[PDB]
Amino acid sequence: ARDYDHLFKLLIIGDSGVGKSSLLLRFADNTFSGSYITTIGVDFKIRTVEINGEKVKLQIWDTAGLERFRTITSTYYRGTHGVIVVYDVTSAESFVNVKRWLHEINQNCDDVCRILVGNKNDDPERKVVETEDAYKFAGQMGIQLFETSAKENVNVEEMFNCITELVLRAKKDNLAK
C-alpha cells in the first residue's frame, strides 16, 4: 500500500534539439520558454494523474539526445514501462534516426509500450516530414503517432495521456478480471 495506486516509468528519447525537454516541461508545468538548454545526462519530472478512480504516478525521464552528454545506456532503460520517441517534423534527419532509437529500445527492453511523436508541428513552411508519411511508418511499426507543438500546446496532453493509458492497460491486462 503506497501513496499512489500505480507507478510507471516513462522515458523520452530522440535526437538532440527535437523538443524532448520542452514536451516534458509543457506537460509538467504548462510552460514553454523558447530558450534551448541542452540536457546533460538526464532530467526528470514526477507527476500524478487520476484515471478511472486511480492515482497514477508518472516518473518521466528525459534523456540527453547528444551522445557526448549521455550516461550509461542501461541506466535510462532499466525499469521502463513506456518509451516516447520524438522527432522534429522540420528535420528529415531526426525522422531518419527514429529507426535507430527504436533499435536502442529493442536492445535494452524486453516488453515496453511505445509512442511516436512528431514535434514542432507549428510551421508549415518548414515542415519536411509529411503527416501521411509519418502515419504510414507508425502504422507499419504498430505504434501510435501524435504530431505535437510544445510551443503552441497542441496534442501534448493527448500524447502523454495516450502512453499513460497504454502502460496502464498493459499492466491491467495482466491482472485478474
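Residue positions are given as counts along the sequence shown, with the first one as 1.
Mean C-alpha B-factor is higher over 122 to 130 than over the other stretch, the pair under comparison being 65 to 73 and 122 to 130. The stretch with the higher mean CA B factor, choosing between 22 to 30 and 104 to 112, is 104 to 112. The PDB entry assigns residue 35 a C-alpha temperature factor belonging to the highest third of its chain's modelled residues.
In the PDB entry, a CA B factor belonging to the middle third of its chain's modelled residues is recorded for residue 89. Remark: residue 140 belongs to the highest third of its chain, ranked by C-alpha B-factor as recorded. Per-chain ranking of the deposited C-alpha B factor places residue 81 in the lowest third.
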